[PDB]
Each structure stands twice: as C-alpha cells, then as structure tokens.
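J.: only geometry, no sequence info:
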Ligand code: CLA
Ligand code: CLA
Ligand code: CLA
Ligand code: CLA
C-alpha cells in the first residue's frame, strides 16, 4: 500500500528558463506589454495550482519548495549561531548573567550609527538582542563560542543538504502522486519519527548535556572550568558524582524501576529559584514523556502491514442525527487538495504559536529568561504576531480551497455540504455575537470614560465602582494554585507562579508573581474575545460565502482573487474571498495589538519589577492596571503616552534606532492609507498625464505604465498598514523595555 | 491610399491611440461602417483588473484616419 | 432600471451576451457589420449594472455601454 | 548681511558643542575633524551650522557646488536612460529587452553618458529632443 | 403555464426563498435531463438532478441563470433545454429566458433593435445642451 | 435519522432544526401573546406590555444615577415609564406608516391576521402602553412595599 | 548561456546597481565623513 | 445646578425639550413623512 515510486529525471536542470520570466503561466509568457505583467509575475509565482492542472506536478513543486524553504531557515539559524559565535558577548554573559545584557550584533562605524552599539557589559558594545538565543544556548548546555561556531557550520552544511535535496526531488528522482496520497505513512513518520524521535533525542541531550552543565552552572562553577559535555559521557564517574543514580546502569529502565531515576527525572513543577526558568529535570522528563506518547501515537495508522487505521473508516464511522452522512468525502478532500491541508495546518500552527506565547511567559523554560523582561516581552509579541498571521492565512487557504478545489459531487449531505447549507445561520449568529461582544466589551470602556469624565467614579465599572469580577477565571486560578498536592499529589509546586503561591524572584528583579484578575482583566479579556470573534467573522464569512451568495450567485467562476463584480447590485466591492482576508488582516492587527498591549501593561504593572529588601515588590509602572486599564483615556495616558516617553527621548542614545523605527512605522502606516483610501482610476489618469510628458521627450517606456490593480492596491495598502503598525509597536515595546527592564 | 501594411494615424478622440500611428491589417470591401482593421504596437486598457493582456486592434472608418 | 446602449462600433463578437449574467442582451441581425449581427438589450429592466458586458467588449471604447439609473428591486439584485 | 547668523568660530554656542562631537568613523579624531570643518559655516543661537541658499560666493559650497554636481549626475542618469530607451525602440522586440536589460548596449550608453549636456544641447537645437504636439497621444477633453 | 415539474432531491438550505418570494416575485427554472447527477445550487450546497424533468424556485433571476450556466457548461450531457419563468404571487407566470426558443448568443430573426444607437459613443450630446430637461445625454 | 429537516418545502431558505420548529418551539411560540390563536389586539399588546414593563424594572431600579439614593426605585419607575412611552410611540408610528401581513415561518405557519392592518396595530400599541405602565407600576409596588425585599439585595450586590 | 540572460534581468541588475551605488556612498562616507557642505 | 443668571429655570426646561422632546417629535414626524406611500 505504501511504497516508494519515483520518476527519474522529469525536469532537466538548465538555465534557459531562468532568463525567461513568466514561464510558469501561459498568460505571463506572452511578454510584458503592461506593468501589470510585473506584479502578476510575483503574485502567481508560487500559486502552483494555477500553473499546472496535474496534482502530481503541483505536489512535486510543493515538496521541492519545502526543501528550499528549509534551506533558507537553516541559513538563518546558522547565521544566528555564527553571530553568537563571533559577534556576541555570550562567553561574557555566561560569567555574569544578572548584570550583562545579551548582545549578538555589532554595528559598523561608517556614519554616526556607532552610537547604536549599546554598553551592555564585559567591555562589549553592540545591540542588546531580545531573541532569547542566549538563554536557549544556556539551557542547551553551550558553554563556549566554539560550540556555536560548530553549530553554525552544521547549519550551513544542512542548508546545502536541503538545497541539494530540493534539486534532487524535482530534477533527478521526483516522487509520484500516490507517494503523497498515502498520508498514513506520512503521519506515522511525522508523529513517531519526527516529533517522537526528535523529542526523544532532545530528552537524551537534556539528560546527558543540559542537566549536568546547567547544574554545575547553578552550583556556582565558572563556565571555563566546567567540563565539556563529551567527557560526561566518556567518563561516567563525573556524570555520576552529581545526581548519583547514574551509578546504576540502564537496567532500572528495563526492569521498570523508573523511580530511582527520580533524582534527575523530577516533576517539580515550579520555577528554579536560582535562574527563574523551569527545572531542566522537568523539561527532560517532559520530553521523554511526550516522546513516548508521540511514538505510541505514531503506530496508529495502517501503512503496509495490516495493523492500524486508514483515516477513512474513522471518518466514515463518525456520523450523527444532526449531520446524517458525516465525514464522508473529507479524506478525499484532504488527500486531493493541498489548500485544505494548508488551511488546517496553518490554523493549528497559528494557534500553536499563540499557545507557545501564552506558555513561555508564565512558565519560562530557560535560565534567566524571566529576569530579562525584554526577551520575554519580545518572544510573546513575536509569537502572537506570527500565530495571528498564520490563522489569517488559514482563512485565506480555506477560501482558496472553496472556489478552486471544492467539488460538490464528492460533497453531498456531509459536514461541509451542511455548513454551506446553513452558512446564513452560522454567519448571522456570529455577527450577533460580534455585535454583543463589541457593545458589552467596548461600551463598558465608553461608559467608564463617560463616568470618569463626568465626575462619577462610583458609577463606573471598576473594583471600587460596580464590580465585574471574573469569577470563573479566579475559580480556575484557585484550582491551579491548590493543584499541587491535591489533584497533582506528586508535584512539588504548581505549574507556574501565575495562579498563586509566592513571588519567584531572581537577583533583584521579579521572575514571576501571581497575576490577580479583576474588573480590568475581565473587560480586556472580553475585548480579546470580541476582536477574535470579529476576525473569525470576517474569515469564516469569506470561507462560507466564497462560492456563492444572495448577491453574487456565480462567484466561484470569478475566482478567489478578483476585485469586484461591478458597481451593480448597489456595488459589489470587496466581495471576494481574498478581500475577507484583506479585512481580517486589519482585524488580526487590532486583536493582537490589544493582546500585546494587555500583556505589556499587565506584566509591567502587576508582575515585573524590583524586589525591595523588606519583601514588597515595586513594579515598573506602579499597579495602575487596576484603575486605568478600565478607560480608553487610561490606556491612552498611562500606557501609550506614559510608556512612549522612552522611545521619543531615545535620540542621542543607544536606543535611538528604536525611535527612528518608531517614526518609520508611523510613516509606513500613514503611507498605507494612500493605497487603502484611494482607487485605481485616479492613479491611472495621473499616470496618463505622466505618459504624455514622457512622450514629449521621447521617454515612452516599452512596458506601458499601469496603475496597480484593485486587489494589488488593497494588498499594498494592507501590507504597508501591518508593516507600519507592527514596526511601530515593536519599536515602542523594545525601547520601553530596554530602558525599564 | 488606405491599404494593408500602411502606417496610419487615428482621428477618433475617444480611442486609446488617438494621434498615434498603427499598421493596417485588413480593409473590408463590403458595406460596413468601420472596414479598416488597424493593429497597434501598444495595447489598450481592455481586460479585467490584474489582466496583463489587452487588445491592440480595432475597426475604424475612412474619415477616422490619415495616411502618414 | 439601467440603460444598456449599444453603439454602431460593434464587431458582433457576441462576448457581451455570453458575459451577461441576467440575459439582458441578445443578438439581432445587422447589415452594418462583417459578422452580420449587433447586440440589443430588450429586457434591460433586469440589468443589475455589473458591467461584465462592458468588460468583455473588444472595441477601443466600448460599443456596449451601461448607464446606471433608477434603482429597482432587480437592479439591486435583492433576494429579499 | 545676516547679522543674526554668526560664524561658528566666533559663536560661543558652537564651541561648547564642538568639544562633544562624537566620532562617526573608526578614525579617533573624526569629531575634531568635523569640529574644524564646520567652523567655516554660519551658526545660529543653537550652535549648529546653517546653510545660506541664494547663490552667493563664500556660501556657494552650501548649495551651488552640490547642486551643480547633482544636476550633472542626474542629467547623466536621465540621458543614459533616455538614450537606452530610444535605442531599443526601432528593432521590433522592445518589451523583452525592456524587461531583461541588454547589458552590452547599456554599458556603451553609460560610459559615453558623461557628455550629456553637449548631446542635450545638440538634440535641443536639432529639434530631435522634443516631440511635436501633433505626433503624440493626447487624452480626450 | 402551471409549471409541471418535480423538485430536485435537496436537503433544504438557508439561502433559498425569503419572505419576498411569496409577496413580490419569485423565479423558476425547469430543465430535462436523461441521467441522474449532482449539481451545486446558488442557494448553497449540492443537490440531485433526478431522472427526467426538474423544477427549481429561486428568489432572483441571477440565481436562475447561475444555475443555467452550470447546466450548460461543466456537464458532460450538456443540458441546454432549460426554461426560466417568473411567478408573481397573483399567479401569473412570465416565460423569460429562451423567448425565441434559441439562446441569446445565437442570432435569430424576429428580434428587433433595442438600445441600439446609430451613432458613435464619442458623438454624444453634451449635458450643457440638455440642461433643465428630463432628457439625459444617452438618449 | 435526519433530525434537521426542512419545513416541508426545501427551496425556502429555512431549516426545521430542533431549536427552530421541532415540537416544543412550535408550541410556546404559537402560544405566546403574539401568534396565539384566539387573542385580539389590545390583549396581545396588554400581555406583551405587562411582561415588558415588569422585566424592564430591573436595569433601571438597581442600575441608575440614583441607585444609591432612596429616590432610586421611583427614578427607575419613571425611567421604565419613559421607555415604555417611547416604545409605544415607536409602535404607533410603525402602525401609522402601514403594516403588511407578518412573516410566516416554519415555527409560525399561521401569523395573526389582526396585526396585518393599521387598526390592529393601533390596538396593539394601546395595549402595550397600558400593559407597560401596569407592569412597571406593579414591579415598583412589589419592590417598594417591603422596602428591602432581599431578592433585590441579590443582583445589586453583583451590580455594586 | 541562459544564466547571463537571468543576470541581465531588471531585478538582478537593479540590485547590482543599488549595491554598487550604496557601497560607493558608504566607502566615500567612511574615508571622507561629515561633508555637510563644500569648503 | 441653577445659575446666578436671570431665569435660571429655563435651562431646566428648554434643554430637555431640545435634547429629548423635539428630536423625538422631529424623528417621528420625519419618519411618517419619509415612510408614507403615494
Ligand atoms: C516567522 C517565523 C518565526 C521566527 C523567525 C521564529 C523565531 C523565534 N522563535 Mg519561533 N516559532 C514559530 C515561528 C517563528 N519563530 C512557529 C510557527 C512556532 C510554532 C511551532 C514557533 C515556536 C517556537 C518555540 C516553541 C520557541 C521558538 C523560539 C524562537 C526564538 C529563537 C529561535 C530558536 O532557535 O529557537 C529554538 C527553539 C526550539 C528548537 C524549541 C522548539 C521546539 C518545538 C516545541 C517543537 C516543534 C516541532 C515542530 C517543528 C512543530 C510541529 C507542530 C505540531 C502541531 C505538529 C526566535 C525569536 C524559542 C524562544 O522563544 O526562545 C527564547 C522557543 O523556545 N519558537
Ligand atoms: C505555510 C505558509 C503559507 C504558504 C506557503 C502559502 C501559500 C501560498 N499563498 Mg499564502 N498566506 C499565508 C501563508 C502561506 N501561504 C499567510 C500567513 C497569509 C496571511 C497574510 C496568507 C494569505 C494568502 C492570500 C491572501 C493569498 C495567498 C496566496 C498564496 C499562493 C501564492 C503566493 C504567491 O505567489 O505570492 C507571493 C507574494 C509575495 C511574496 C508578496 C508578499 C509581500 C509581503 C507583504 C512582504 C513580506 C513582509 C516583509 C517582512 C516586509 C519587509 C519590507 C522590507 C523589505 C522593506 C500560495 C498557495 C495567494 C493565492 O493563492 O492566490 C490565488 C493569495 O492571494 N496567501
Ligand atoms: C474605532 C473604529 C471603528 C469602529 C467604531 C468600528 C465599528 C464596527 N466594526 Mg469595524 N473596522 C474599522 C474601524 C472601526 N470599526 C476599520 C479600520 C476597518 C478595517 C478595514 C473596519 C472593518 C470592519 C469589518 C470588516 C467588520 C467590522 C465590524 C464592526 C462592528 C462590530 C460590532 C460592534 O462592535 O458593535 C458595537 C459597536 C461598537 C463597539 C462601536 C462603539 C459604539 C458604542 C459602544 C455605543 C454608543 C452608541 C450610542 C450610545 C448611540 C446613541 C448616540 C445617538 C446620538 C445616536 C462595528 C459596527 C464587523 C461587523 O459589522 O460585524 C459585526 C465586521 O464585519 N469592522
Ligand atoms: C529614462 C528614465 C526616466 C527619465 C529621464 C524620466 C524623466 C522625467 N520624469 Mg520620470 N520616471 C521614470 C523614468 C524616467 N523619468 C520611472 C522609472 C518612473 C517610475 C518610478 C517615473 C515616474 C515619473 C513620475 C511619477 C513623474 C516623472 C517626471 C519626470 C520628469 C521630471 C524628472 C523627475 O521628476 O524625475 C522623477 C523621477 C522618478 C520619480 C523616478 C526615476 C527613476 C530613475 C531615476 C529613472 C532612470 C533609471 C531607469 C529605471 C533605468 C535607466 C536605463 C538604463 C538601463 C540605461 C521628466 C520628464 C514627472 C513629470 O511628469 O514632470 C514633467 C512626474 O511627475 N517620472
């Protein structure tokens, strides 16, 4: 059932098509008569479905392009390890990680940008990085820069290997279509062989390298007298003098005497008091447990030997009275359409990246991660933005599936057919819950603005005023704070200090505090739910109304990416599935901006700060989230106006590049509105006026200048809007937290 | 003087190639209003949004032209 | 109701009729063209105004031309 | 005579700033070189050099020399571009080498583009620079 | 007249007739097929062309011709024998789409000139000529 | 077994789901003052207004500018009377424009023919006025006469 | 032979031109920095 | 709060009249005007 069959040399390797742009499309191959050809060259460069109609060639192109993307990512990772190896103070940071800032990028002194080399400690001048690579390498057991140089060399070798594999799987031995249809083998080798074996190898590394090196690091040994990780394996006496259950061999693993491994495979739960990160024994035990679980899960599906599932009878058996036929047709949908697979995978990866962001702040996995507030804020913000972008792309590719890969013949009375049949009931109730959430999440802020403006502090929605305490989240917090010893009897502490306990503090700064939730947290969580729901509304409305509507019934023939059907029916502007992604990008900007604003204010006001010797915690802003995060004027004054005092006074200092990027993002946000507000027919006429002035001086170009198309005008406007807003928030966050953190 | 291959300038104001010179592809001898098919180097605006192609020929009358 | 007017610079390529989604247009015989036919718009009260016919016209300026006028329940294309 | 603008050497606000001029390059005395090089300009009450733009001499270095230098370079760029655009017209396949630039022709246009004002004056007096209003596409009124 | 037809096997959707279909006007499409196949309604979802002749009701004419385009193109049996009617709530039925029995893209005798101008579109009167009158420059 | 069917006519844009029209929602929507079989207008409006005036003395009595003041229940009564009067003016002008026959759905196959005329909607509006005033005053009297009534202490400790 | 046509394309040549121009300006402002005006 | 200016009770009557009463009257009358047939 699952075998390897390939075609030998299907595409010759020649440079003749490199000099012929637009070869992949028939319409692009006639030649650039207008400048719309140039933008169509890039808009349809990766759309492999519009290029060829054969699914085998499309899957071959996708498989070979994944290797090139992996080569690009490996070049990036090798560059980061090379910057850690050559242009960083990592060896200086390992000696004193509480008073030396992580820096891995020096700036060349050709103009006055030598001021951008911040004084970070240890006689090193450079840009204070916030990527968290230094804490990652400390958790990996890397002690010297030569181990980073070797990893950079290995990353270059792996990137070249991935480039060679991408050339090989498209020009020498390219797999057939049925090599892709057996997703059973693919999923078994991705669960057990990629996630399972990868986490098992990382569990073994954390047993043999990360745990002894990090225990010697926390015990007070300088890193250049710390032994290299290979004599821990070559000489097990040095490995067994600490955590003395390595004196006995591997036989307690095989006789199921796992309990004697409890000294280095713990379930402590909380944070390390020395470093502020998670216990690396907990991480090694976690990786071993999920490695066993993923390897077990990778034996579920039938590949070649009769045992296993076929992922179709699972779908065929799942059917109810409210649905009828069930999941019949979904296996063919997910094994014949790449866009449905991308819509599922991109949504789950986006929600996964958001889970990563929401987890790494509360349970910091790395030593001295929670101490450096800039790293924690940057990784939270970065992973929220990446996750939301992936979720909106999932909505996009669901819309592309619906008009280009959906077949009504294979979908009669299944789940997808019935979703299309009651899409009005779906979208109208989603519209109602969006309106309800908008009123009862934002009108609370409007009411609070009004009563704080009218001198009525007792009529507000505050802790002193009418309370709106989130009793369910507080009950869940009380359940998690009491979870250790009652519902998790073998945990030393809770999973995080967020839900309760005491202030975990490292050095003089707070690693983590309990995060109490009040009226402001209730109101901002309802705004989070509201903005997420409206993004869901636009994206799901684009998905369900992608093929047809009451307005335009023949909308599948127009395609995924078309501007409009015309000024008729009142004006059918932005009816396509693409334009719902275009609007959902604005709404994910709004949603994730409110999310990272809630994070950057709640942690600065109620978690982050210094510890007085008396024991009390003096936070960064002073606990003003309880009384000012209930009003829009409080969010404008005590968060946006107050905390941007660092980004605007950064000029003539080491953080002036952040003020430059702040102004640059303001420029790009304002620049977006020229494309967003205007339309094509203005600019075509303006270019017509310019063409005559070129014709007057024999400056007529051969490629005739056209204005950007309506979809391209919207794409340029939304890309500039997101870029200018995100660069602005990045600059504001980083310059604030590199001054107060 | 209007014959196939002769370069000719358009006198229709509303045309894309008003006061521009194109070649003659064919002239129809039957009694139709616009018999002279003229093909141009440049392309018209015609097409959907985002279309990289456009038409480059049209029928014209005798009085809508002048021979260069 | 919208006004769909067909002018005499029509080559009879029938692209406007095939592009029309509400059967507003049709072909009538015409002695003034090589194709022997011109577009006509009899049931122009069904015109929504999408200008798909104006999109498909291959003339330098369009022989078929839609003028958006009074709005009815069919010009709006309302199912309700 | 600009009595409000003092020379930077005689200005007592420029000399306070000129101690703390930061180095821009790897050269250690780059701040001192900037301080001595900017002293010939005119400084206001702030202590920062000002540029007077009216074409006078002893202040022609503010605008007239950089302006004439830019005019020469921009005329070079525009004339080489116009020469390449004209040269690729009358050879029946112009969009393909509009999109994929013919390098051996572009090099010969570029390196012989230093004599752009002589060729511009020749094309202006010859009438081959400007297209007559009859032979040019004009939009309807 | 009286529309003898059976309805395709459809599970019912929410995109179909609203309240104005029984009060202002609704539309119908009848088509004869010699085989049983699956089609997509403009209403939403997929339904079954049963063997023989079919009758469907829609709220708009555009939905009926969006169905008729799906009946003509994209089907191997190549169904052209479809007729589109308009039903007012009084009971009157107006036969609409193939009025001559032939499709509008094919020329037929007996059709007269509608909306045809015997003038160039550039040779239109200026609005300043037609000020303060009901006539607009495209008349 | 398809529990989600159509209403008998599939090409009408509605579905007969359990929530929509199964057995318990056809009754209790056909047995509400609107859609009940035997009631005349100025009786449907009376019942609807009484229920509405009674429920609307909940976010005005304990949620207002005067809710910490002994005039708070009286101000809530006056606000409920004002809202009922505004809604009666809205009903009266909606009828005075001219009403059509109400929309027949799967849940309500028979709509009241007496509300399809302007005279019926005037009786409905008058009944709504009398019912709203009566319900608001009854809720005011019930909330005011024990003067504490600790059920009002609930949902005012919540709405503190 | 087909590689030189790809290197003769508009993006490759505009990137080479912009890198050459930026490198010339950067090498000028390194060796001769801080030229606000001609002396 | 009543003012020290003459006829301080006139804001207590005209402001609710111009802010509540006559806008309700104008919206009712304009609604009947713009929604009446023929
Ligand atoms: C635009 C893409 C982008 C960029 C540039 C980065 C860049 C960053 N990430 Mg990130 N990431 C992204 C997307 C992105 N990520 C996505 C889509 C995910 C979801 C899978 C993650 C999840 C992720 C985690 C979990 C962590 C990073 C971290 C890092 C930082 C250091 C990089 C490093 O060496 O970490 C190396 C880190 C690891 C090798 C740990 C990752 C191991 C994960 C848990 C296994 C994932 C397996 C597989 C690939 C995913 C399968 C999905 C499953 C549902 C099937 C850096 C700021 C790290 C950080 O913040 O450190 C301070 C960190 O721990 N990222
Ligand atoms: C696993 C990820 C994944 C994959 C591979 C796909 C795959 C594809 N997408 Mg995409 N998509 C995704 C994620 C993904 N996308 C996400 C995250 C988004 C949300 C924004 C979408 C939204 C989406 C839409 C809306 C559409 C696609 C389409 C496409 C197709 C062709 C793309 C192309 O040629 O455009 C290449 C175009 C570019 C590379 C231009 C991108 C320009 C960006 C804004 C610049 C990058 C930002 C950068 C940091 C700015 C620096 C500025 C500095 C240089 C000055 C292809 C199927 C298109 C399609 O199928 O058409 C039918 C389509 O229209 N995508
Ligand atoms: C501040 C800017 C702003 C505001 C007010 C809105 C308003 C709205 N957006 Mg949004 N949106 C914006 C900018 C804005 N947007 C921009 C930049 C774009 C991006 C391109 C869009 C595009 C967009 C789309 C794509 C969608 C919306 C939708 C919505 C609605 C969400 C439902 C809701 O919250 O109702 C509650 C209303 C509010 C919270 C607004 C404040 C009103 C307060 C709370 C009440 C005050 C009323 C007052 C008492 C009346 C008495 C005064 C009297 C004198 C008249 C809402 C009407 C969605 C929608 O309509 O579906 C539900 C949707 O689909 N938006
Ligand atoms: C041969 C190239 C060339 C030449 C000489 C001209 C010359 C002219 N243009 Mg310009 N222009 C060009 C290319 C050119 N342009 C291109 C590529 C663009 C698109 C960005 C425009 C868009 C444009 C606008 C929007 C405007 C002008 C204007 C003008 C006039 C005043 C100069 C000016 O404002 O510069 C402005 C120049 C730019 C904004 C961009 C120029 C880009 C470079 C410098 C052109 C040369 C490099 C070229 C790409 C490659 C050279 C070929 C090489 C292989 C040999 C003048 C008639 C203005 C006008 O009508 O005044 C009467 C007017 O409003 N032009």
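T.: Happy to help now that I have it. Numbers count the residues shown, from 1 in each chain, chains lettered A, B, ... in the order given. Ligands and ions are numbered 1, 2, ... in the order given.
J.: How about the residues of chain E by chain D?
T.: Residues of chain E lying near chain D by Cβ under 8 Å from any Cβ of the partner chain: residue E:122. Heads up, the C-betas are built off the backbone N, CA and C, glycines and all.
J.: Any idea how many residues pack against residue A:691?
T.: Counted with other Cβ atoms under 10 Å in any protein chain shown, the neighbours of residue A:691 add up to 18.
J.: Also residue A:244?
T.: The burial count for residue A:244: 11, using other Cβ under 10 Å.
J.: Check the one 3 residues further on too.
T.: Per other Cβ under 10 Å, the neighbour tally for residue A:247 reads 11.
J.: my guess is it contacts residue A:240, does it?
T.: Yes - contact criterion Cβ atoms under 8 Å: residue A:247 and residue A:240 qualify, at 4.8 Å.
J.: Now find how far off-centre the longest helix anywhere in chain G is within its chain.
T.: Using DSSP state H to define each element, chain G has its longest helix at helix G:10-31. Offset of helix G:10-31 from its chain centre (Cα atoms, centre = their mean, to the nearest Å): 1 Å.
J.: ok, the most far-flung residue of chain B relative to its centre - contacts?
T.: The C-alpha centroid of chain B is most remote from residue B:50, which lies 23.9 Å away (Cα atoms, centre = their mean). By Cβ atoms under 8 Å, 6 or more residues apart in numbering or on different chains, residue B:50 lies in contact with A:36, A:39, A:40, A:43, A:561, A:562, A:563, A:709, A:710, A:711, A:712.
J.: Need the nearest residue in space to the residue of chain C found nearest ligand 2, chain neighbours excluded.
T.: Nearest residue of chain C to ligand 2: residue C:55, at 19.8 Å (Cβ to the nearest ligand atom). In space, and not counting its chain neighbours, residue C:55 is closest to residue B:48: 6.0 Å by Cβ to Cβ, 6 or more residues apart in numbering or on different chains.
J.: On the three-state scheme, the one you found is what?
T.: coil (DSSP: H, G, I helix; E, B strand; the rest coil).
J.: Surely it is in contact with residue C:56?
T.: No - between residue B:48 and residue C:56 there is no contact under Cβ under 8 Å: 9.1 Å.
J.: Between those two, which has more neighbouring residues?
T.: residue C:56 (20 against 15).
J.: Next, find the distance separating that one from residue C:17.
T.: Taking Cβ to Cβ, to the nearest Å as the measure, residue C:56 falls 9 Å from residue C:17.
J.: all strands in the chain, in order from the N-terminus.
T.: Using chain A. Ranges of strands in chain A, per DSSP state E, are A:6-8, A:103-105, A:118-119, A:125-128, A:173-175, A:504-506, A:509-512, A:609-611, A:617-619.
J.: I was thinking of chain E, sorry if that wasn't clear
T.: Remark: strands assigned in chain E by DSSP E are E:26-33, E:37-40, E:46-49, E:52-58, E:82-87, E:93-95.
J.: Next, the residues that contact the shortest one from outside, please.
T.: Right, the one you point to is strand E:93-95. Contacts for strand E:93-95 (Cβ under 8 Å, 6+ apart): E:1, E:2, E:3, E:83, E:84, E:85, E:86, E:87, E:88.
J.: 10 Å instead?
T.: With contact meaning Cβ atoms under 10 Å, 6 or more residues apart in numbering or on different chains, strand E:93-95 is reached by E:1, E:2, E:3, E:25, E:27, E:28, E:83, E:84, E:85, E:86, E:87, E:88.
J.: Please give me every residue in contact with the first one.
T.: By Cβ under 10 Å, 6+ apart, residue E:1 lies in contact with E:85, E:93, E:95.
J.: Now do the contacts for the closest residue to residue E:43 other than its chain neighbours.
T.: Computed as Cβ to Cβ, 6+ apart, the closest residue to residue E:43 that is not its neighbour in sequence is residue E:15, at 4.1 Å. Neighbouring residues of residue E:15 by Cβ under 10 Å, 6+ apart: A:420-424, A:545, A:548-550, A:553, C:79, E:41-45, E:58-59, E:63, F:11, F:13.
J.: can you rerun that using 7 Å?
T.: Taking Cβ atoms under 7 Å, 6 or more residues apart in numbering or on different chains, we find residue E:15 in contact with A:424, A:550, E:43, E:44, F:13.
J.: Most neighbours among the residues you listed, which one is it?
T.: Comparing the contacts of residue E:15 on neighbour count, residue E:43 comes out first with 29 neighbours (neighbours: other Cβ under 10 Å).
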